[PDB]
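Asks: Chains as they are written, first to last, in the authors' numbering: chain D, 9 to 352; chain A, 9 to 352; chain B, 9 to 352; chain C, 9 to 352.
Protein chains: 4
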Amino acid sequence: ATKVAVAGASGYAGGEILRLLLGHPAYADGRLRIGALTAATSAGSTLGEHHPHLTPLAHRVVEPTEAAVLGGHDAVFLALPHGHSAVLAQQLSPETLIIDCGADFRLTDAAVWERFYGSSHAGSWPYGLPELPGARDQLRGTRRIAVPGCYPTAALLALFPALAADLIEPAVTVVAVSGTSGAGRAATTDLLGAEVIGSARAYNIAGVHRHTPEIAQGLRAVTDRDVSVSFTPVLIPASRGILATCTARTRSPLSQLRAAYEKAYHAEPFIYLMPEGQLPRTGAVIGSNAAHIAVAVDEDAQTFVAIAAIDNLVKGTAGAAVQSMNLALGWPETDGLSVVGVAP
Amino acid sequence: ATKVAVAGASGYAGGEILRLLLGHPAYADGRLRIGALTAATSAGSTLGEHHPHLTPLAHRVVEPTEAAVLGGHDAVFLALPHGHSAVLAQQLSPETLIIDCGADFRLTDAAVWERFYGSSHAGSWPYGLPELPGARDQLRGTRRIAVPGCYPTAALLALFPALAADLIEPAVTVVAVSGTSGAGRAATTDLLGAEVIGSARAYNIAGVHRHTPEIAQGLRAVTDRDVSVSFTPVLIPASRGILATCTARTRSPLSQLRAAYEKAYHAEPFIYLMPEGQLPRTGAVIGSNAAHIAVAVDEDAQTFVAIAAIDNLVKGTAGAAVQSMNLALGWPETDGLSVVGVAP
Amino acid sequence: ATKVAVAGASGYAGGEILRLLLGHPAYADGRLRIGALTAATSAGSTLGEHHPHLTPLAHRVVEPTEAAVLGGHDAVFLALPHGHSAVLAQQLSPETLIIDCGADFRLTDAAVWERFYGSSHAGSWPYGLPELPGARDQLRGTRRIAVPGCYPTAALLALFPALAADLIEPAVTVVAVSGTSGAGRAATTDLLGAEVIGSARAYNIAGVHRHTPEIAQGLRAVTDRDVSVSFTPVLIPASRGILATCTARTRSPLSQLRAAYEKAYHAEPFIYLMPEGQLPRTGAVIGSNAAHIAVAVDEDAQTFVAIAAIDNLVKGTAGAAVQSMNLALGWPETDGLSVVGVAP
Amino acid sequence: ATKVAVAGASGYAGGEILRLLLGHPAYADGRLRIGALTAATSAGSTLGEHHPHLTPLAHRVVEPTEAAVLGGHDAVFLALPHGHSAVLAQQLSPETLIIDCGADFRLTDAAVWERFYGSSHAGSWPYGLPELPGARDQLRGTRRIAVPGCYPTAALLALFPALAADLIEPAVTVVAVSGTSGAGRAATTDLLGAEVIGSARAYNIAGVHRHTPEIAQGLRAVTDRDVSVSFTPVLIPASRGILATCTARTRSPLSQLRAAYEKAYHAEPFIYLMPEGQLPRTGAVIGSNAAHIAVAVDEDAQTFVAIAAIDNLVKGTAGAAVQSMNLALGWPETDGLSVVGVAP
Ligand SMILES: NC(=O)c1ccc[n+]([C@@H]2O[C@H](COP(=O)([O-])OP(=O)(O)OC[C@H]3O[C@@H](n4cnc5c(N)ncnc54)[C@H](OP(=O)(O)O)[C@@H]3O)[C@@H](O)[C@H]2O)c1
Ligand SMILES: NC(=O)c1ccc[n+]([C@@H]2O[C@H](COP(=O)([O-])OP(=O)(O)OC[C@H]3O[C@@H](n4cnc5c(N)ncnc54)[C@H](OP(=O)(O)O)[C@@H]3O)[C@@H](O)[C@H]2O)c1
Ligand SMILES: NC(=O)c1ccc[n+]([C@@H]2O[C@H](COP(=O)([O-])OP(=O)(O)OC[C@H]3O[C@@H](n4cnc5c(N)ncnc54)[C@H](OP(=O)(O)O)[C@@H]3O)[C@@H](O)[C@H]2O)c1
Ligand SMILES: NC(=O)c1ccc[n+]([C@@H]2O[C@H](COP(=O)([O-])OP(=O)(O)OC[C@H]3O[C@@H](n4cnc5c(N)ncnc54)[C@H](OP(=O)(O)O)[C@@H]3O)[C@@H](O)[C@H]2O)c1
């Protein structure tokens, strides 16, 4: 049996990993066991005090996040803020499958990392976005996964097919709305319900958001040209969901762009291209590992437009982690990962 | 193979039955086929124009609700407004399993039906609330099921253990908040998003709500005493969820009340009694077939208080329908019905 | 010119006092000036860092909450958590008008205060609910005001006319839903947007909420029967608004109850009795100082039902404070207090 | 006295005009009277059945929308869907002040109008955006006003100072989120609460939205350069508010751009440039006629970023209508128009 530990089990990403594992077929038949659940200060509390939706695990006592407690598990999810997985990965048995939700091993340019995160670059692990060209093969049998950030997942799925086929200019604009669970459950006044309800605001604008270079990195993997990214995130009064509106200049006809998206995504089970006349909505993908995508051309503005909707906690985090865990373990990639949303 | 038709497939309850069937183990192993999907004016359209979250069924063409279309199915869900079940059930075989989400066959007193619904009584079918004393036995192998209303489900789960144990007075008060999907997807000005968002309102107050006699009927099934029900529903700015606050006068001690609930619900897989110090929240049960329940005693007011949270679309209707379907077909009662909520 | 200080200016109640003062006619004609704005940890920041909606005051620097800073003001609003007004009030001049939004001076029974607040009783000041029988006369020319809690404001307006006329039994039940701004802006995980959005929950149930004795106290002021209060508050996903559903057994006819509410409220400018066939909604009173009320009789359950909607930050706090301020200073009671809501 | 009629009084824009008129100083001192309130199918009903927040007018009976009904009024607000206004305005006296919230008289190019609205071009009236260069001159003493659309108001305020100073390129991108009251109150399934709540969706993308040429026309008024507009609107689960994220290739450093916005807006009472390190939020402007603006430069992407927040119903429509009314009547422009938002 694959014994699984979750570090950061009391946070939003850790809770969603547990939700997905509880529903995974390997948990049903005993090939996957849910072992130690650890955190920082929540140690000693029961899991139900943080995740009342996870009633089968509510009685579990949260433990300290120490190598000894996380030891003895074949797979370890790290659902912590960036800064801990580098040292934590080193203390663990190297045979252990380590799936890091944080950013520590995402970036391939050490100088880019130091500019945006202000610490020593730890390195890079296989990127947990299996639909990216080349990425799936690197995850088969791997023992190290860097799960993508939520906004990059939406932006890259929206944009890479057009850019890989040289059908748009490499200067892209991304304005993405997001529910507030993407910010984590650490209490701040700016994330308070009364503040968030009934309001929308852009934040970390004009290149300072740390996902900007992660989008750039993913796009550079499919083109020769110099990539620039204008990325604006906008917080909206929903708990989950990302709707990324992505634009770039183009002179290619719509029919060519449509065919490029059909070719890239016809055999990708989690990507759904909208029928003609329909557009994505975050409500349709909530609680699923799906991305819903539509493309169009603004002829007057000579601008390509791609819309992508994902659940930030599933395809944008925990579902990507479980998807990559499946590939790493040699299990069917779709195990435990529904494409069906929970709407309305 | 059990072939299933869903009448009212384009509505909220029909869409949620379909979501649950797609995840049901009998669908996965071919024991259950999803057959004809019918409606009224939406006949001729594709299901994706109504339920974009159900992408595996998006291509299905909605058919007319006609006995010729519903025939040849081993099971037929009726997810229609009340008024059509009697005729449709007359036209289907007695061996066909018919599961009615509407009210037509819920009430056992013709005079009560006439007073609250203004029409002749159709009769009554086994009530699809398996947790009620005596209900499960009536549902095993049955071919006719009347699924309960969503508010009675919450209220009856909150109250019947105390009342059946003679630990409270039979004059009960229920004030229940509900998300707006409980009203259905028919477009009215009062259900418009701009109206509902940011606002709460009680409606159909002081005994005019048709679920009042349904609550009373379920309580009279566990006591000979003179039941009265003060029921106030309150619409709140959520899409799903019912939180029923239920009260009754008592002089019994809390210890005896908690023991009554633990005895009644210990072996009930969908009922979760909150640990000491915790209270239910609708967010914890969304997308699950669970009910979360806590009880307390207000000594100064000599008042018993029971709180119950359910998802109105799952345990409040479509999950109850599939739960009853499982019992009717001799399948494991929990098949396809998770207790794990989709939160936050 | 009346110089006004606000202690706790960085909080929700303090911000709403300032919003109302900015729109008060005395502010427009110079009779009223907004002086010191004080807090605790927030001292040293600008007001716009806390209340970006108050742009005319955004540049104001928040000052420490000290007697020296607060001195030299004709009126001082205290918008602090309970337990600080006694120590702060005793350091101001007795001729200073002190208006306390907290509970410190609301309760008239020292033993009840100690039970529910766990500290020594400070005493009691004129209660800032002018519509209560006898209350308005105690406020005229006063220099001490204890502003009521938000739930008691709704429950008392819903219930006192029936109880004062001996038309209902004195055992009352109140189930009130509230937007999340009633909990204050101090950051807790339970108040985070992702948690409160899409979810509802009762809290502090079965008589432990500190507003239970405050409701009982107001009701005891209109009757000599023994009062008891079953009070359940319910957090819902809105930022503002309280909808109180209040019930009591009755043997009086509806016409008599209706007449008692018309008599009590016909001359009350902030109280609006719903037209026949209409019911209150919190969205209709947001941003106004109004209460919208309807009453009914559940004949089958021999139960009176009263529904009251207020804005918890206006008539439930800062509007009541400004309303009482007007009375204390001899200004027209409605000055700066609109009855028109901001909907949708 | 100025007698005012409102056509389309039962809708969202008409109701918000009435809210502002009720708080206008001319209404308080008798110089403005609220006369005929008209609609289509809601004629015969009372206004309270549509706008329960407008309790001082709740008793008013809605009348049919006929030119003879609207005659005899010194000022007429038209808050109807496109069409109607032209036919109605032709039958009204040329000495009547007509303020049209619809699009009929906004556009100055008949071929553009035909292409996006599919009807004959009625002409064009002075555009009701007083902050636009040259606009205030045209509004003084005018008897005809075309009020701008909500999204163009936000986009033009965000972009025109940069473009007028030739500091950015004329190919602009706008992605704007909007609360659902922008869609009007006509009941459709796509606007119902359960659909809108918890979901976000772009609509009318890639140049098909009718506000695209309106944005382009406003920008052409400040540059003789060729303007292109990529405009994407996104519906979010709020009832009010527009947050426009506007980008363009930059040819300038932030200091020059900030200075240009300071110069353009320091005089403007409704336009608030955010302090250093603060960004707009729609919650801060709800219920006010304010727009909050911030600008930035993404150096790595060489992209100018401008964020604008307004209330879609106030500065986006009814507030702009009343603002232009003041100017046309020779009244103080800010009369009845607060800059203070109703937050949280
Ligand atoms: N949330 C998303 O949508 C999303 C999407 C993509 C990627 N991610 C990434 O996933 C990671 C988790 O984010 P989140 O949203 O889940 O935040 P969160 O809800 O606040 O949870 C953070 C968890 O990490 C634990 N923790 C914090 N510091 C710790 C320390 N020194 N040692 C051990 N445990 C510690 C916390 O334990 P305590 O309870 O004791 O504090 C908590 O359980 C982040 O790195 C994020 O970048 C998140
Ligand atoms: N929604 C809940 O939370 C809930 C909970 C418990 C019980 N129920 C009960 O389940 C039933 C469905 O409620 P709902 O929320 O799903 O309403 P809904 O969303 O508005 O949809 C109703 C469905 O019934 C179809 N329909 C209406 N009239 C029909 C007719 N003459 N012939 C054939 N089909 C017709 C409609 O087809 P078209 O699309 O063509 O109109 C539609 O698909 C109700 O009786 C309700 O009491 C609902
Ligand atoms: N909010 C409502 O709906 C409502 C309704 C009715 C009555 N009330 C009552 O009004 C009062 C304020 O509630 P709230 O919702 O506004 O809470 P809040 O949003 O969290 O703000 C509390 C304010 O009090 C300040 N403060 C806290 N401790 C202080 C201390 N030792 N010394 C000086 N200032 C201190 C805080 O300043 P810092 O920012 O520096 O911490 C803050 O500005 C409460 O007593 C409440 O019971 C509230
Ligand atoms: N809503 C916004 O945020 C916004 C912002 C900027 C500009 N505008 C513009 O303002 C106008 C009103 O939009 P809205 O949001 O208020 O829509 P709405 O909420 O649906 O109301 C539309 C109003 O127009 C009336 N009406 C409809 N058809 C009519 C007809 N043949 N004859 C007479 N009256 C008719 C309606 O009366 P009945 O009740 O009888 O149907 C109703 O009162 C639109 O042109 C819009 O472009 C709106």
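Backbone N, C-alpha and C fix where the C-beta goes; we use that ideal spot for every residue, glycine too.
Can you look up C/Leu137 in the DSSP assignment and give me helix, strand or coil?
Replies: Residue state, collapsed to three classes: coil.
Asks: Excluding the 5 residues preceding and the 5 following B/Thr290 in the sequence, name in chain order all residues of the same chain whose CB lies nearer than 6 Å to its CB.
Replies: The residues are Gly249, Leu251, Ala317.
Asks: Residues of the stretch 310-325 of chain A with a CB closer than 8 Å to any CB of chain B: list them in chain order, please.
Replies: For the stretch 310-325 of chain A, which is checked against every Cβ of chain B, the residues closer than 8 Å are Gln310, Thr311, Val313, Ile315, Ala317.
Asks: Distance, Cα to Cα, C/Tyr125 vs C/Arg218?
Replies: Going by the C-alpha atoms only, they are around 7 Å apart.
Asks: For the stretch 36-55 of chain C, enumerate the residues whose C-beta is nearer than 7 Å to any C-beta of chain B, in chain order.
Replies: Residues passing the 7 Å Cβ filter: none.
Asks: For C/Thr54, does the three-state DSSP call read helix, strand or coil?
Replies: Three-state result, C/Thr54: strand.
Asks: Closer than 9 Å by beta-carbon distance: list the chain D residues that pair up with B/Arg193, in chain order.
Replies: Neighbours of B/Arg193 on chain D, chain order: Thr197, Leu200, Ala202, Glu203.
Asks: Pull out every residue of the stretch 164-184 of chain A whose Cβ sits closer than 8 Å to any Cβ of chain B, in chain order.
Replies: So the close ones are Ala179, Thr181, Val183.
Asks: Please find out if some non-hydrogen atom of ligand 4 comes closer than 6 Å to the beta-carbon of C/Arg193.
Replies: Yes, ligand 4 has a heavy atom inside 6 Å of this Cβ.
Asks: Could you list which residues in chain B have their beta carbon closer than 9 Å to that of C/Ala298, in chain order?
Replies: The answer, in chain order, is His61, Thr63.
Asks: If we ignore side chains and look at the alpha-carbon of each, how far apart do A/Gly206 and B/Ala246 end up?
Replies: The straight-line gap from Cα to Cα measures roughly 5 Å.
Asks: Chain A partners of B/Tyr211, CB-CB under 8 Å?
Replies: Per Cβ cutoff of 8 Å: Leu287.
Asks: Tell me which residues of the stretch 106-126 of chain C have at least one Cβ-Cβ distance to chain A shorter than 9 Å, keeping chain order.
Replies: Those would be none; no residue qualifies.
Asks: Tell me, to the nearest whole angstrom, how far the beta carbon of C/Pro277 is from that of C/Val347; I am working on the premise that it is less than 8 Å.
Replies: Sure, about 7 Å apart at Cβ, within 8 Å.
Asks: Does the distance from the CB of B/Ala314 to the CB of B/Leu167 come in under 7 Å?
Replies: Yes.
Asks: Check each candidate in A/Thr49, A/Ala44, A/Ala48, A/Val70 and name the one with the smallest Cα separation from A/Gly56.
Replies: Among A/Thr49, A/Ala44, A/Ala48, A/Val70, the Cα nearest to that of A/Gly56 is on A/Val70.
Asks: Taking the runs of the alpha helix (DSSP H) that are 4 residues or longer, which of them lie wholly in the stretch 220-291 of chain D?
Replies: Runs found: 220-228, 262-273.
Asks: Name the one or two DSSP bridge partners that A/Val303 has.
Replies: Looking at the DSSP assignment, A/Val303 forms a beta bridge with A/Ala314.
Asks: Rounded to whole angstroms, how far is the Cβ of D/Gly16 from the Cβ of D/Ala87, which I believe are closer than 8 Å?
Replies: The pair is a contact, with the Cβ atoms about 3 Å apart (cut-off 8 Å).
Asks: Name the chain C residues that come within less than 7 Å of D/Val237, Cβ to Cβ?
Replies: Ordered by position in chain C, the residues that pass the 7 Å Cβ test against D/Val237 are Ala309.
Asks: Report yes if the C-beta of D/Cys158 is less than 6 Å from at least one heavy atom of ligand 3; otherwise report no.
Replies: For ligand 3, not one heavy atom lies less than 6 Å from the Cβ of D/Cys158.
Asks: Spatial neighbours of D/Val350 within its chain, please: C-beta separation below 7 Å, excluding the five flanking residues on both sides.
Replies: Result list for D/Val350: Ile294, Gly295, in chain order.
Asks: Cβ of A/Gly206 less than 7 Å from any chain C Cβ?
Replies: True, the Cβ-Cβ gap to chain C drops below 7 Å.
Asks: Based on DSSP bridge pairs, tell me the residues matched to D/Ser18.
Replies: DSSP, once it has assigned bridges, lists no residue as partnering D/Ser18.
Asks: If you measure from the CB of A/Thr54, is any heavy atom of ligand 6 nearer than 6 Å?
Replies: Summarising the ligand content, the structure contains ligand 1, ligand 2, ligand 3 and ligand 4 and does not contain ligand 6.
Asks: Quick check: is the beta carbon of B/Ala351 nearer than 7 Å to any beta carbon in chain C?
Replies: Chain C contact via Cβ: present.
Asks: Select from the stretch 233-259 of chain D all residues with a C-beta closer than 7 Å to any C-beta belonging to chain B, and list them in chain order.
Replies: If the cut-off is 7 Å between Cβ atoms, the stretch 233-259 of chain D has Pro245, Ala246, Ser247 near chain B.
Asks: Within 10 angstroms of its Cβ, does A/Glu222 collect 16 or more other Cβ (buried), or is it exposed?
Replies: A/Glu222 comes out buried.
Asks: Do the CB positions of D/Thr161 and D/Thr255 come within less than 7 Å of each other?
Replies: Not a contact, by the Cβ cut-off of 7 Å.
Asks: Pull the bridge partners of C/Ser132 from the DSSP assignment, please.
Replies: For C/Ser132, which the question treats as bridged, DSSP gives no partner whatsoever.
Asks: Quick check on A/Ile25: does DSSP put it in helix, strand or coil?
Replies: Residue state, collapsed to three classes: helix.
Asks: Using C-beta distances below 7 Å, list every residue in its chain close to D/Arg233, excluding the 5 sequence neighbours before and after it, in chain order.
Replies: So the list reads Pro178, once near-sequence residues are dropped.
Asks: Would you mind sorting C/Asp308 into buried or exposed? The rule is 16 or more other CB atoms within 10 Å of its CB.
Replies: Label assigned to C/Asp308: exposed.
Asks: So what's C/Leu345 in DSSP terms, helix, strand or just coil?
Replies: Residue state, collapsed to three classes: coil.
Asks: If D/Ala292 sits next to A/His58, beta carbons under 8 Å apart, how far is it from one beta carbon to the other, in whole angstroms?
Replies: D/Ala292 to A/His58, Cβ: 11 Å. No contact.
Asks: Would you mind giving the Cβ-Cβ distance between D/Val237 and D/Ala224, rounded to the nearest angstrom? I have them listed as a contact below 8 Å.
Replies: That belief holds up - the Cβ atoms of D/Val237 and D/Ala224 are roughly 5 Å apart, short of 8 Å.
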